[PDB]
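Take a look at the structure set out below.
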Amino acid sequence: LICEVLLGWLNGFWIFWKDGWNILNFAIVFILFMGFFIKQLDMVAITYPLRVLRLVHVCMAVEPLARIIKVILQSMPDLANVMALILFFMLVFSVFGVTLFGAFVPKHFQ
Amino acid sequence: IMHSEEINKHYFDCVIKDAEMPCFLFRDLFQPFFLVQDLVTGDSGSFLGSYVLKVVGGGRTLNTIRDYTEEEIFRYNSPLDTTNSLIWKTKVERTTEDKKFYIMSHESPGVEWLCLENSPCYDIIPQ
Amino acid sequence: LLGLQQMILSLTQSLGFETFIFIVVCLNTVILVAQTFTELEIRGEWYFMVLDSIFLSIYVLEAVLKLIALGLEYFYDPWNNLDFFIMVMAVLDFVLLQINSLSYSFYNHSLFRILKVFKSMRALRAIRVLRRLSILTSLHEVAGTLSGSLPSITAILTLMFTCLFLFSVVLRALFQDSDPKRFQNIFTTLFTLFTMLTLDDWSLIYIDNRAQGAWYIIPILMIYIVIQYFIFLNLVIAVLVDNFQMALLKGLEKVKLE
Ligand SMILES: COCC(CCO[C@H]1CC[C@@]2(C)C(=CC[C@H]3[C@@H]4C[C@@H]5O[C@]6(CC[C@@H](C)CO6)[C@@H](C)[C@@H]5[C@@]4(C)CC[C@@H]32)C1)COC
Ligand SMILES: COCC(CCO[C@H]1CC[C@@]2(C)C(=CC[C@H]3[C@@H]4C[C@@H]5O[C@]6(CC[C@@H](C)CO6)[C@@H](C)[C@@H]5[C@@]4(C)CC[C@@H]32)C1)COC
Ligand SMILES: COCC(CCO[C@H]1CC[C@@]2(C)C(=CC[C@H]3[C@@H]4C[C@@H]5O[C@]6(CC[C@@H](C)CO6)[C@@H](C)[C@@H]5[C@@]4(C)CC[C@@H]32)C1)COC
Ligand code: NA
């Protein structure tokens, strides 16, 4: 993985960084790399699943798959707007529910 | 404090808490628990018996408490007084002779602080 | 009636009257979101009642002045109509408080709290503030398409409620004293059917009935689930997808217009 990041950088620092998949792979390999030096990161809860998040850019080459990921990524901002709607709706009802069922059923409404 | 915490699902102590005395919220119904202690022998147990509880003095601050007179104690602690002077009220059927004061017990609901307008606890604004 | 009302107007729609009121409403909502911790509401109870009487007086000011200014045109707009209803609740709980003894038995009275939540409704005015500052209209499009979808949403929603209501009536008629804990009352029949419509523990009521009563409830419940979850909610999904498809075609033709 480090060799591959080196090859990418060998083509020009900026174009390697003019992407998103490259910065993702770089972040993964860098977090993996600092485990050799630092001690509180070289633990399994931080090193194992990153080697599986490394696999998605591999799966991208399987374009019957890649179109699903591209759809998800493209639709993400609209989902952000819908998420904002739902949260902004939930906060108001949370206020009303607390100020009703406070001091009564405080297991759920304090 | 353990029982008030359980019934009233919340306990807040005085902002300037004192280790000697815990403080009780005027919103929560105050149900006190007493225990009888033998000093000769180690045996100490809860007081499973009836009693008459009365408020006989009050102070805006500590070191300002003043015993009230008998008429004042009557007007404050007894439901028979017409003047809006009651300091507390409890929902217990037992009562003393002449119905003057309630007869409480460990199984009673508790003491509900209400502070009618004539009562000394009324018209109190944080200093 | 022409000069007095008119100056009341030109002071009412003034670009400072609105900012003053929005400052009031944002302060009231920051208090109202302060009051939902129990570590601050219990401490600062004595200042909150003072502040809320202050806000009641301010709302008297605004509501009376707006009514005198704009006649029944004030009653015409629904944004204000919300404010008027909130006002009515505020004044009613004020007078009820004064006509009772503010003690523990009234703190734990349900009607006191019920009148208190409608005070929470004041926070709705805050959206008006958020509108002028801007919400960024990031959800202007989703809201617009939901706005387009609602006319049929209401219709299918009331149709499925009607199905709920008929099944609830018949289930009350039939399955009394076969688990009365669930639907011994018509209202709890109706709630049991409504909570079945979300499919949470719906097998539990079948098993519970089969234990002591009898199992005839299984064809009724299967047909119920078929109709409601399988053919009605999917209608809501379908109509929403079609509405957003129309929105998309409108956007495509509009962007090609330029
Ligand atoms: C007449 O024409 C008007 C048009 C401009 C229309 O702007 C709209 C923008 C979306 C917006 C702000 C509008 C109305 C309902 C608003 C929704 C009501 C719900 O309320 C909330 C908040 C309060 C909660 C109690 C309930 O949920 C939000 C989640 C929901 C809401 C605030 C999302 C945003 C919506 C106005 C211009 O025409 C020229
Ligand atoms: C951008 O400009 C828009 C303007 C037209 C504005 O019309 C408004 C009419 C009042 C109306 C319908 C509007 C927004 C919030 C609506 C309130 C949100 C609350 O939601 C409810 C129902 C849902 C509950 C969950 C919460 O409470 C109602 C009690 C409350 C409500 C539905 C009362 C009616 C309000 C839109 C035209 O401008 C040119
Ligand atoms: C720009 O001018 C537009 C104007 C026409 C405006 O029509 C409005 C009709 C009310 C309507 C449909 C609109 C926007 C917000 C909509 C609200 C957002 C909330 O969303 C919901 C449903 C989704 C939940 C997540 C949150 O709550 C509803 C309860 C609430 C809502 C759907 C009630 C209905 C509101 C559009 C014409 O002008 C010429
Ligand atoms: Na489920």
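Protein chains in written order, with the entry's author numbering: chain D, 112 to 221; chain F, 892 to 1018; chain A, 337 to 594.
Note that CB positions come from ideal geometry on N, CA and C, so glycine has one too.
Relative to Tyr967 (chain F), the option among F:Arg957, F:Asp958, F:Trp979 whose CA is nearest is F:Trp979.
Sequence-distant partners of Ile956 (chain F) (beyond 5 residues in either direction) whose C-beta falls short of 7 Å from its own C-beta, in its chain, are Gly948, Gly949, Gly950. Among the residues of the stretch 206-221 of chain D, those with a Cβ less than 9 Å away from any Cβ of chain A are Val206, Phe207, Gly208, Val209, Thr210, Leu211, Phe212, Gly213, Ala214, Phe215, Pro217, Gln221, in the order of the chain.
When the Cα atoms are used, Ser346 (chain A) and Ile404 (chain A) turn out to be separated by approximately 12 Å. Put simply, the residues with a CB less than 7 Å from any heavy atom of ligand 1 are D:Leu196, D:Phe199, D:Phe200, D:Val203, A:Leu460, A:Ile463, A:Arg467, A:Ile471, A:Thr473, A:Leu475, A:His476, A:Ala479, in chain order. Within chain D, the C-beta atoms nearer than 8 Å to that of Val369 (chain A) come from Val206, in chain order. Beyond the five residues adjoining it in sequence on each side, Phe568 (chain A) comes within less than 7 Å, by CB distance, of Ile492, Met496 in the same chain, given in chain order.
DSSP places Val927 (chain F) in the uninterrupted beta strand (DSSP E) bounded by 926-928.
Note on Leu368 (chain A): 16 or more other CB atoms within 10 angstroms of its CB, so buried under the neighbour-count rule. DSSP places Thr210 (chain D) within a helical segment (H, G or I) once states are collapsed to three. Within the stretch 525-559 of chain A, no residue places its CB atom closer than 9 Å to a CB of chain D. Look at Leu418 (chain A): its beta carbon is less than 8 Å from one of the heavy atoms in ligand 2. Taking a C-beta distance under 9 Å as the contact criterion, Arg467 (chain A) and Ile422 (chain A) do not qualify as a contact pair. A Cβ of chain A is located within less than 9 Å of the beta carbon of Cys1006 (chain F).
Between the stretch 477-487 of chain A and the stretch 507-517 of chain A, the count of Cβ pairs shorter than 8 Å is below three; the stretches do not touch.
Taking 9 Å as the cut-off, the beta carbon of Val206 (chain D) is found no closer than this to the beta carbon of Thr374 (chain A). In chain order, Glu375, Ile378, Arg379 make up the part of chain A whose C-beta sits under 8 Å from the C-beta of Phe903 (chain F). Taking a contact as a CB-CB distance under 8 Å, the pair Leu164 (chain D) and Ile139 (chain D) counts as one, their CB atoms being some 6 Å apart. Counting only residues of its own chain and dropping the five nearest sequence neighbours on each side, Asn975 (chain F) has a CB closer than 6 Å to the CB of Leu1007, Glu1008, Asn1009. A buried status is given to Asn899 (chain F), since no fewer than 16 other beta-carbon atoms sit within 10 Å of its beta-carbon.
Secondary structure at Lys980 (chain F): strand, using DSSP grouped into helix, strand and coil.
Straight across, the Cα-Cα distance linking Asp515 (chain A) with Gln548 (chain A) is about 8 Å. According to DSSP, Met995 (chain F) shares a beta bridge with F:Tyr942. Every residue whose beta carbon comes nearer than 6 Å to a heavy atom of ligand 4 appears here in chain order: A:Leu535, A:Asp536. Taking non-hydrogen atoms of ligand 3 into account, the C-beta of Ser483 (chain A) is found less than 8 Å away from one of them. A distance below 9 Å separates the beta carbons of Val453 (chain A) and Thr210 (chain D).
Distance from the C-beta of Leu486 (chain A) to the nearest heavy atom of ligand 3 is below 8 Å.
Burial is judged here by how many other beta carbons sit within 10 angstroms of a residue's own beta carbon; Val1002 (chain F) has at least 16 and is buried.
Of the residues assessed, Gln564 (chain A) falls on the buried side of the cut-off, its CB having 16 or more other CB atoms within 10 angstroms. A contact is defined here as three or more CB-CB pairs under 8 Å, and the stretch 425-433 of chain A fails this definition with respect to the stretch 191-199 of chain D. The Cβ-Cβ distance between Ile964 (chain F) and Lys990 (chain F) does not fall below 9 Å. In this structure, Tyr942 (chain F) places its C-beta atom within 9 Å of the C-beta atom of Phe925 (chain F). Minimum Cα-Cα distance from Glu381 (chain A) among the listed residues A:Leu401, A:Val360, A:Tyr443 corresponds to A:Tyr443. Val360 (chain A) and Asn417 (chain A) have their alpha carbons spaced roughly 18 Å apart. With respect to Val116 (chain D), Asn136 (chain D) sits close: the two C-beta atoms are nearer than 9 Å. Not a single C-beta of chain D is nearer than 9 Å to the C-beta of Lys590 (chain A).
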